[PDB]
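Below is one structure, written out as structure tokens, with a few remarks after it.
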Amino acid sequence: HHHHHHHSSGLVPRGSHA
Amino acid sequence: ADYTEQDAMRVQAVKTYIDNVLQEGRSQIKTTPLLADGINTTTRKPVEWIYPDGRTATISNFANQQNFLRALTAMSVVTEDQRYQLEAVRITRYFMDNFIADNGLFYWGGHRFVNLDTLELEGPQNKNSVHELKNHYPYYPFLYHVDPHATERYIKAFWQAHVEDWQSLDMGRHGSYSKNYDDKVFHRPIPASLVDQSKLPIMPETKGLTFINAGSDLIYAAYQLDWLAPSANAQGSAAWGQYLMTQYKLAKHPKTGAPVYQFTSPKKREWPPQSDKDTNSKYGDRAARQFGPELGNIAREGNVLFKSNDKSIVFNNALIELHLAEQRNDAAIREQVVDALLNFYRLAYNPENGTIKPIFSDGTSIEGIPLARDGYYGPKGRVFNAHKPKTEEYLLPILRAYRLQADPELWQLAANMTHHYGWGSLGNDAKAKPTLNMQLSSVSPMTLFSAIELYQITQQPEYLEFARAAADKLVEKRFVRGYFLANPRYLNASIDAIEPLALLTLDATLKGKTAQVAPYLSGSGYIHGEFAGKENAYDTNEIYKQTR
Ligand SMILES: [Mn+2]
């Protein structure tokens, strides 16, 4: 807000992600 | 332990890193005790947020430095040299003297930080200068040690700013620096549960803001207030932590006992959405939208255990609840954690290969099935495969739980996981002498924390042999250009790296002092706003994944 965004699990782009 | 030059050299890697951070992470423009969040490893300069207009601000975000505080205090424990802990005090005391709002909230977190060179507040996200945490798990006992009054006010302000509704326990992510402080926040009486057990897996409709990756920091903070502060100051806090923790438990799947990600769903309050990709929760429960047509009543947000929801439940919040069970000597917290882990792994774990299936809390798997339509959990055609995490994150809670409550099914799960991680054989029970792989080449900080837990469990010195060999490999692979980096091609190092804590916890264990080091709780930080050309950006990518 003012740019709307979520806070879901998996959203922050950690290096651990496949 | 009989200590060796190799053990010393690992401590010296950490001392070198600490020296680098305390030097290179200080501003030359205006020198204060504050630290940079990150260091460019080519230039040796603190990293910068770049705004869309091209202005740059050097980042100091105290929410992203808690693990460095823990490494400083750990280094004083293992070295018997007080200077490290005293420098942690110096940094912390200056932050708390200067960078707390009038309402008791720190200036830190996902959408706020301090300009290291000018000491001005920064708001990476335009029109959203707010207090945001997300499984950050601050180092409360040390913060309380440095300034107990500010730490009490902080915990009370965190609850006051984020709890939107004291009956539904809807929690906002974006806490206002204008919210009024209330010293008597935890004196509100505990309400009834909204959770109607005969309706599960359908949950109560409210705003649905009860995700465990908001609830877990609140529960942790309320219980640390009770633990740390005098009775009168902390009145009500353990009761409110207990109520909130219990709501997750009451909403667990009524047939499988599997844990859930949240205990309420969002009401359908507005209509229509712009399309299937418009996933604002005001249009109703997002799982029911994306999966409901095929799956029915199981498709509600709390029952989704994939898309990293399982990680926040079986890794992050599991570590917090186990830590609280142990701290408080609370058997009811403990049995409920153990039951949750067991009931999850009975549904999701594949012992033939060590993978975790993508499931709902009733056990229904979507493994391999392309999503039928767009929505919150992915575009149409996305496929979720069974996952085996890169490192032993999910192992650690199983070992900590076993160390509290010796369940043989936990033991069998840990033996099977470590087998698939290439560790070798733990053996058939905790009395076995293990046959471990001393040449294991994929190691992580989680290897060391887990091997140390198994040493505390079994007292078998083989686990210390294994951990020492792993720690030597860890330093060889991740200690790069004076810092700890997940890939040697990366340009910028974060001072919240956990390799130092893991290395020092092993050194403590060799010196018989394990219990004296801050425990690893899985907290981490990030900054979210507009970065240069990019509207929806995290420092995690825009800074810490840049290559040299
Ligand atoms: Mn946010």
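Residues are referred to by chain and number: the chain letter is A, B, ... according to the order shown in the structure tokens, the number counts from 1 in that chain, and ligands are numbered separately from 1 in the order shown.
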Quick check: residues of chain B within 8 Å of chain A, only C-alpha atoms, returned as a list in words.
residues 126, 127, 128, 173, 213, 307, 308, 309, 312, 390, 486, 526, 536, 538, 540, 541 and 545 of chain B
Within 10 Å of ligand 1, which residues of chain B show up? Give each one with its shortest atom-to-atom distance in Å (one decimal) and the two atoms involved, counting only C-alpha atoms and all ligand atoms, rows by chain then rising residue number, as CSV.
residue,atom,partner,partner_atom_place_in_ligand_line,distance
B:109,CA,ligand 1,1 (Mn),9.6
B:110,CA,ligand 1,1 (Mn),6.6
B:111,CA,ligand 1,1 (Mn),6.6
B:125,CA,ligand 1,1 (Mn),8.7
B:128,CA,ligand 1,1 (Mn),8.1
B:129,CA,ligand 1,1 (Mn),9.7
B:130,CA,ligand 1,1 (Mn),8.3
B:131,CA,ligand 1,1 (Mn),8.8
B:132,CA,ligand 1,1 (Mn),6.3
B:133,CA,ligand 1,1 (Mn),8.6
B:134,CA,ligand 1,1 (Mn),9.3
B:172,CA,ligand 1,1 (Mn),9.6
B:173,CA,ligand 1,1 (Mn),6.3
B:174,CA,ligand 1,1 (Mn),6.1
B:175,CA,ligand 1,1 (Mn),9.6
B:527,CA,ligand 1,1 (Mn),9.1
B:528,CA,ligand 1,1 (Mn),6.9
B:529,CA,ligand 1,1 (Mn),8.3
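Atom CA of residue B:212 to atom CA of residue B:317 spans 7.5 Å [interatomic distance, one decimal].
The shell of residues at most 10 Å from stretch 200-203 of chain B, with only C-alpha atoms counted and near chain neighbours (fewer than 4 positions) removed, consists of residues 194, 195, 196, 208, 250, 251, 252, 253, 254, 255, 260, 262, 263, 264, 265, 266, 296, 297, 298, 299, 300, 301, 302, 303, 361 and 362 of chain B.
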>> Please return, as an NGL selection string, all residues of stretch 168-415 of chain B that DSSP assigns to strand (DSSP E or B) on the basis of the backbone.
In response: :B and (171 or 175 or 205-207 or 265-266 or 268 or 283 or 304 or 349-350 or 355-356 or 359-360 or 365 or 375 or 378 or 387)
Closest of B:517, B:245, B:348, B:337 to residue B:501, counting only C-alpha atoms, is B:517
I need the alpha helix (DSSP H) residues of stretch 451-548 of chain B per DSSP on the backbone, written as a CSV table (one decimal) with C-alpha atoms, in the first residue's frame.
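Generated file (result37.csv):
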chain,number,residue,atom,x,y,z
B,451,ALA,CA,24.6,-33.4,14.3
B,452,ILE,CA,24.9,-31.4,17.6
B,453,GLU,CA,21.3,-32.4,18.6
B,454,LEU,CA,22.1,-36.0,17.9
B,455,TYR,CA,25.2,-35.7,20.0
B,456,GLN,CA,23.2,-34.3,22.9
B,457,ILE,CA,20.7,-37.1,22.4
B,458,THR,CA,22.9,-40.1,22.0
B,462,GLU,CA,30.9,-40.2,16.2
B,463,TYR,CA,28.4,-37.3,15.7
B,464,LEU,CA,31.2,-34.8,16.7
B,465,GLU,CA,33.7,-36.4,14.3
B,466,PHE,CA,31.0,-36.1,11.6
B,467,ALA,CA,30.2,-32.5,12.6
B,468,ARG,CA,33.8,-31.4,12.6
B,469,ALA,CA,34.4,-32.8,9.1
B,470,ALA,CA,31.2,-31.1,7.9
B,471,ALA,CA,32.2,-27.8,9.6
B,472,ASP,CA,35.6,-27.9,7.8
B,473,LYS,CA,33.8,-28.3,4.5
B,474,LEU,CA,31.4,-25.6,5.3
B,475,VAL,CA,34.2,-23.1,5.9
B,476,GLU,CA,36.0,-24.2,2.8
B,477,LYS,CA,32.9,-23.7,0.6
B,478,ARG,CA,31.1,-20.7,2.1
B,499,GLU,CA,27.1,-20.2,9.4
B,500,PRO,CA,28.9,-18.2,12.2
B,501,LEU,CA,26.3,-19.3,14.8
B,502,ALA,CA,26.3,-22.9,13.6
B,503,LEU,CA,30.2,-22.9,13.7
B,504,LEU,CA,30.3,-21.4,17.2
B,505,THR,CA,27.6,-23.7,18.5
B,506,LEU,CA,29.8,-26.6,17.4
B,507,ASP,CA,32.8,-24.9,19.1
B,508,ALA,CA,30.7,-24.5,22.2
B,509,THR,CA,29.8,-28.2,22.1
B,510,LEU,CA,33.5,-29.2,21.9
B,539,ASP,CA,16.7,-7.1,-1.3
B,540,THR,CA,17.0,-10.9,-1.2
B,541,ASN,CA,17.0,-10.8,-5.0
B,542,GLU,CA,17.9,-7.2,-6.0
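Going from atom CA of residue B:236 to atom CA of residue B:69 covers 29.0 Å.
Across the model, the gap from atom CA of residue B:112 to atom CA of residue B:532 is 16.9 Å.
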Hey, which bits of stretch 78-122 of chain B sit within 12 Å of stretch 152-160 of chain B, and for each residue what's the closest pair of atoms and how far apart in Å (one decimal), counting only C-alpha atoms, rows by chain and increasing number, as a Markdown table?
| residue | atom | partner | partner_atom | distance |
| --- | --- | --- | --- | --- |
| B:96 | CA | B:154 | CA | 10.3 |
| B:99 | CA | B:154 | CA | 11.9 |
| B:100 | CA | B:154 | CA | 8.7 |
| B:101 | CA | B:154 | CA | 9.7 |
| B:102 | CA | B:157 | CA | 10.1 |
| B:103 | CA | B:157 | CA | 6.6 |
| B:104 | CA | B:154 | CA | 5.0 |
| B:105 | CA | B:154 | CA | 5.4 |
| B:106 | CA | B:154 | CA | 7.2 |
| B:107 | CA | B:154 | CA | 10.9 |
| B:108 | CA | B:154 | CA | 12.0 |
| B:109 | CA | B:158 | CA | 11.9 |
| Could you pull the residues within 8 Å of residue B:66, counting only C-alpha atoms, minus those fewer than 4 positions along the same chain, as an MDAnalysis selection string? | chainID B and resid 62 70 138:139 496
I'd like the neighbourhood of stretch 415-417 of chain B as number ranges by chain, where a residue qualifies if any of its atoms comes within 8 Å (using only C-alpha atoms), though same-chain residues fewer than 6 positions away should be ignored. B: 351, 354, 395, 425-428
As a compact mmCIF listing (two decimals) with N, CA and C atoms, in the first residue's frame, please: the residues near residue B:273 (cut-off 12 Å, only C-alpha atoms, same-chain neighbours under 5 positions excluded).
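Result file follows (around10.txt):
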# COMPACT_ATOMS: atom_id res chain seq x y z
N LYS B 268 -16.12 -13.61 1.74
CA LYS B 268 -16.38 -12.97 0.41
C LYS B 268 -17.17 -11.68 0.63
N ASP B 278 -6.82 -12.11 -9.82
CA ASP B 278 -7.00 -11.03 -8.83
C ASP B 278 -7.32 -11.73 -7.50
N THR B 279 -6.33 -11.82 -6.59
CA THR B 279 -6.39 -12.81 -5.47
C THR B 279 -6.50 -12.08 -4.16
N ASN B 280 -6.95 -10.81 -4.20
CA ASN B 280 -7.24 -10.07 -2.96
C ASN B 280 -8.21 -10.90 -2.07
N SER B 281 -7.92 -11.01 -0.77
CA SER B 281 -8.72 -11.91 0.09
C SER B 281 -10.19 -11.36 0.29
N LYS B 282 -10.44 -10.13 -0.10
CA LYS B 282 -11.81 -9.56 0.05
C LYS B 282 -12.82 -10.24 -0.87
N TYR B 283 -12.31 -11.03 -1.84
CA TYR B 283 -13.18 -11.77 -2.76
C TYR B 283 -13.43 -13.15 -2.23
N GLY B 284 -12.89 -13.42 -1.05
CA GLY B 284 -13.21 -14.75 -0.47
C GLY B 284 -11.99 -15.68 -0.40
N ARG B 286 -9.16 -18.02 -1.06
CA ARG B 286 -8.41 -18.21 -2.35
C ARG B 286 -8.25 -19.65 -2.73
N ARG B 289 -11.60 -20.70 -4.25
CA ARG B 289 -11.61 -20.22 -5.63
C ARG B 289 -10.83 -21.08 -6.59
N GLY B 375 -4.73 -18.70 -9.97
CA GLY B 375 -5.20 -18.25 -8.64
C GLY B 375 -3.97 -17.97 -7.78
Within 7 Å of residue B:113 using only C-alpha atoms, minus same-chain residues under 5 positions, as a PyMOL selection string
chain B and resi 59-61+107-108+121-123
How about saving the chosen residues, N, CA, C and O atoms kept, as a compact mmCIF listing (two decimals), in the first residue's frame?
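Saved result, again-v9.txt, follows:
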# COMPACT_ATOMS: atom_id res chain seq x y z
N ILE B 59 21.92 0.77 3.59
CA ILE B 59 20.89 0.10 4.46
C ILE B 59 21.45 -0.26 5.82
O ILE B 59 22.47 -0.96 5.91
N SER B 60 20.83 0.24 6.89
CA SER B 60 20.97 -0.38 8.21
C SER B 60 19.57 -0.82 8.77
O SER B 60 18.78 0.01 9.24
N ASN B 61 19.30 -2.12 8.78
CA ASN B 61 17.98 -2.64 9.22
C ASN B 61 18.25 -3.63 10.33
O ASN B 61 18.66 -4.74 10.07
N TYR B 107 12.12 1.18 14.49
CA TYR B 107 12.27 1.43 13.05
C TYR B 107 13.13 0.37 12.35
O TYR B 107 14.35 0.55 12.20
N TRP B 108 12.49 -0.66 11.83
CA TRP B 108 13.19 -1.83 11.25
C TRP B 108 12.15 -2.65 10.49
O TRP B 108 10.96 -2.25 10.38
N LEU B 121 15.36 8.08 8.60
CA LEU B 121 14.53 6.90 8.29
C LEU B 121 14.31 6.73 6.83
O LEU B 121 14.17 7.74 6.10
N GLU B 122 14.26 5.48 6.37
CA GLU B 122 13.98 5.20 4.98
C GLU B 122 12.74 4.35 4.86
O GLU B 122 12.50 3.49 5.71
N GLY B 123 12.00 4.54 3.77
CA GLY B 123 10.76 3.79 3.47
C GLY B 123 10.92 3.27 2.06
O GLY B 123 10.67 4.00 1.10
